[PDB]
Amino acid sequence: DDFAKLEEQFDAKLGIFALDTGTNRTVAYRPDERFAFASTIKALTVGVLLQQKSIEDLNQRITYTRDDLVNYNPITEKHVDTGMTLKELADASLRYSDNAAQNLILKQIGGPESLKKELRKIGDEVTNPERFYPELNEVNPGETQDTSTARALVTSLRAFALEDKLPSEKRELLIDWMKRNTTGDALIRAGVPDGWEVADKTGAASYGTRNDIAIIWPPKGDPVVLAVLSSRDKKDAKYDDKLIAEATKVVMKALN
């Protein structure tokens, strides 16, 4: 009833799944409820890129133009004349939620259809990548394009970051990028005590969709993998980062 209280306090629908990899103990609330995955998909997208390439292969330089730039391009809008390596695009996507960086990487793996195929191969029958930025933002209730569930995003994030979908040197790159994310200080990080390492990827979309997926390391102990997804009734609705932070506080309470 602490999660229902947050839905009551913030007038929002809330999607929680947490796995303690150390006890296999679980926290869940609407864990199988679909939400627009928003920019959270970028973590799984770098996952597939890392599978498809050697670390040295990430040094390939991608040429792009203004036409590849979309609504939010904080790193890519800077480097049209120089281009950017796949490694630099991975950094821009993960650490700044650069939408153009994600589009370029997605086109590097062979598009949303190709991304879906590789996600099915790792055991994810839930996540439905279909469109590029900006179109994957517009998800109306009941539609399943560009949606996942808290359980599926956690399971998939764990598979790439923590299990055997990637060799250790590639897991280190993904985990390092997500640890040094710049977009998440108000969300999962804000519900976890200082000093604990957090790797995360944020997202925001229509119907006030406000998402964070994370790996949380206690000082010693095995990590927690967490998805906090949320959405609201109205297309143009605002979100509140504080919902995600408080939801995160409730999860840690339930696991400790």
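Residues carry their position along the shown sequence, with the first being 1.
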Next on the checklist: Tell me which stretch, 240-248 or 17-25, has the higher mean Cα B-factor listed in the entry.
Outcome noted: 17-25
Checklist entry - Per the PDB record, is the mean Cα temperature factor higher over 208-216 or over 189-197? => result 189-197
Checklist entry - Going by the entry, which of 158, 107, 170, 120 has the most elevated CA B factor? => result 107
Item to check | Of the residues 163, 146, 77, 125, the one carrying the largest Cα B-factor as recorded | outcome: 163
Next on the checklist: Can you tell me whether residue 225 has a C-alpha B-factor in the lowest, middle or highest third compared with the other modelled residues of the same chain?
Outcome noted: middle
Checklist outcome for this item: Binned into thirds over the chain's modelled residues, the C-alpha B-factor of residue 137 lands in the highest
Item to check | Position of residue 55 among the chain's modelled residues by C-alpha B-factor, lowest, middle or highest third | outcome: middle
Next on the checklist: Which third, lowest, middle or highest, does the C-alpha temperature factor of residue 181 belong to within its own chain?
Outcome noted: lowest
Checklist outcome for this item: residue 97: CA B-factor among chain residues, third -> lowest
